[PDB]
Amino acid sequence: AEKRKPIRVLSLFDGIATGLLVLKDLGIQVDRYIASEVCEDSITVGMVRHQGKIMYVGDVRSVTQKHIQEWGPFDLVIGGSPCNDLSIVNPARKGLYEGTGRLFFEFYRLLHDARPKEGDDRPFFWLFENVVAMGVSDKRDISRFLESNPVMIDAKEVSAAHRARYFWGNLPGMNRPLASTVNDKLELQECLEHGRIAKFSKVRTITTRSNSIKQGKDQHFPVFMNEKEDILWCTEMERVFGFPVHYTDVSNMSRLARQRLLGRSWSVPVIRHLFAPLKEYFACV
């Protein structure tokens, strides 16, 4: 009979600290949140929105085995490597082994470094996320280096946006059915500011590019405001992703800087569903 301890997390390619946001939202106590990230806008968002709790370590390639043992142990290793060279939306993608695609192997490397030795059965959980719209050869290789097959979770089931994502990991009940919580805004209208009308129930996948906010190849505007068409506002994008309103209203970021952060990040209700069974393994409230 041993009381559960607060969680120690290693988050690679942290972005805007969605992992720490979801863990706090679940009441899971966090002893350590070590994040490797290089974009200063993202680091500023994480530093501000979590009051210096996150500790940044820089480039994922600067993190050695020795660093993992000094800063460890870790109970949770999470990350989603860049996909601009993986996703088939980029006709100039350099693949899994070139460009930014090869940063995946840094995750596989640090995961191997952070795994408990054979014989140590302490609780250890990991999650790797990336896009479904990737090359078949690149998905096969990702699964073999991680030695697991992914589960496909589309954010459309618990939010107002399509976002089919692959998730490799060992978290409990990763493949259990998705639950539409009362905290989920399932339709675009529920994420819009006052005085604005949605033209679509669900919005298509939001990338970092403005053309993804408009719908279809005909570039249909998503919302109306007193009979004039308009794209989504930043606060509305955050609500579509499940972030607190004005989460990214930080550091004088432009609209497109804010969308670059959001377009690369996770759907918050999806991560909350994935992280939810973790609260039976670590200290809470």
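The numbering used is simple: start at 1 and walk along the sequence shown.
Comparing 54-62 with 214-222, the higher mean C-alpha B-factor in the PDB entry belongs to 214-222. The stretch 177-185 shows the higher mean C-alpha B-factor when 149-157 is compared against 177-185 in the entry.
When the C-alpha B factors of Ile197, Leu76, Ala114, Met134 are read from the deposited coordinates, the top value falls at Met134. Of the candidates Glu37, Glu227, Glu238, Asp249, it is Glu227 whose Cα B-factor is highest according to the PDB record. Annotation for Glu193: CA B-factor lies in the lowest third of the chain's modelled residues.
Looking at the C-alpha B-factors along this chain, the one for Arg163 belongs to the lowest third. The deposited CA B-factor of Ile7 belongs to the lowest third of values across its chain. Placement of the Cα temperature factor of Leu86 within the chain: highest third of the modelled residues, per the deposited record. In the PDB entry, a CA B factor belonging to the highest third of its chain's modelled residues is recorded for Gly119.
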